[PDB]
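First up is the structure itself, then whatever we jot down about it.
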Amino acid sequence: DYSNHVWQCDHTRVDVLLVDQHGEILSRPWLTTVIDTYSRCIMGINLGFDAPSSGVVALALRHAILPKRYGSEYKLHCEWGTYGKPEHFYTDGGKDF
DNA sequence: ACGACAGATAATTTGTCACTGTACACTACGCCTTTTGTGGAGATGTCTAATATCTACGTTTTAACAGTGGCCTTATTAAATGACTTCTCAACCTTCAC
Ligand SMILES: [Mg+2]
């Protein structure tokens, strides 16, 4: 019925091969998204090599629930003015969830 | 008129065969996460019979001695000894003898 009423979360394998800072191949990361079902903002993400795990879920949840701050190395013109807790959380059946 | 006989005729499917688009190019049941009932110690808590100890229960044994009980004959006369008691503890005069 309103914003934050149901957040939704899932993970997927990003389709970019990453590299170490020394330049050698690192297998693709996983991306986790937390999404407002009303508003349809993306509320927060976690991007990393760690497989789908409750610590990864918790890491996306932290970013989503908390206010956002980014420095000038992020050349943003907008601002990611979204925060606050969900009232419900809607997921698939993964063992992390 | 319309439609109604037997047969024409535009479909409809059955069957040929030259052509071409494509896979074969090895390269998923495998990586990763979570729950979970079974299992191995290993610190810790549980709580007894029992072989004493550890005095007392008091109970025997001793000897000391205290009390009861039996026995013990009694007389006279003499002696020795030691004592006791009582009594006594004059004094002047006369007479005849040298
Ligand atoms: Mg999912």
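Order of the sequence lines sets the chain letters (A, B, ...), proteins ahead of strands, with each chain counted from 1. Side-chain atoms are counted along with the backbone in the values below, which use heavy atoms only and exclude waters and symmetry mates.
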Sugar of [N] - north (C1'-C2'-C3'-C4' positive) or south (negative):
N	answer
B:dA25	south
B:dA75	north
B:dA49	south
B:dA28	north
B:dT76	north

Subject >> For DNA chain B, the residues among residues 7-18 of chain A that have a non-hydrogen atom under 4.0 Å from it >> reply: none
Exceeds 12 heavy-atom contacts within 6.0 angstrom, atom [atom1] of [X]:
X	atom1	value
A:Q21	CD	no
A:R13	CZ	yes
A:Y74	OH	no

**OP:** Sticking with atom P, work out how far B:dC17 lies from B:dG21, rounded to a whole angstrom.
**Re:** 23 Å
**OP:** Could you measure between the two P atoms, the one in B:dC24 and the one in B:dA28, and give it in whole Å?
**Re:** 10 Å
Could you tell me which non-hydrogen atom of [X] sits nearest to which non-hydrogen atom of [Y], and how far apart they are?
X	Y	answer
A:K68	A:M43	NZ-O, 2.6 Å
A:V56	A:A51	CG2-O, 3.3 Å
A:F97	A:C9	CZ-O, 3.5 Å
A:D36	A:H5	OD1-N, 4.3 Å

Original post:
Stem ranges for DNA chain B, with three or more consecutive Watson-Crick or G-U pairs under 3.5 Å?
Top reply: none
**OP:** Examine distances only and state if a side-chain atom of A:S39 and a backbone atom of A:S3 form a donor-acceptor pair shorter than 3.5 Å.
**Re:** no
Subject >> Which residues share a ring pair (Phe, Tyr, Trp, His ring centres under 6.0 Å) with A:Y90, sequence neighbours left out >> reply: none
**OP:** Mind jotting down which residue pairs meet the salt bridge (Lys or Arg N to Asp or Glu O under 4.0 Å) criterion with at least one end in residues 75-89 of chain A? Sequence neighbours excluded, please.
**Re:** none
Which protein N or O atoms sit under 3.5 Å from an N or O of nucleotides 30-36 of chain B?
{"unit_1": "B:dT34", "atom_1": "OP1", "unit_2": "A:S53", "atom_2": "OG", "d": "2.7"}
{"unit_1": "B:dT34", "atom_1": "OP1", "unit_2": "A:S54", "atom_2": "N", "d": "2.9"}
{"unit_1": "B:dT34", "atom_1": "OP1", "unit_2": "A:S54", "atom_2": "OG", "d": "3.3"}
{"unit_1": "B:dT34", "atom_1": "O2", "unit_2": "A:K95", "atom_2": "NZ", "d": "2.6"}

Subject >> Adjacent bases B:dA4, B:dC5 meet stacking criteria of 5.5 Å and 30° >> reply: no
**OP:** Please list all pairs passing the ring pair (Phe, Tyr, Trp, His ring centres under 6.0 Å) test where one or both residues lie in residues 23-69 of chain A, with sequence neighbours left out.
**Re:** A:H63-A:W80
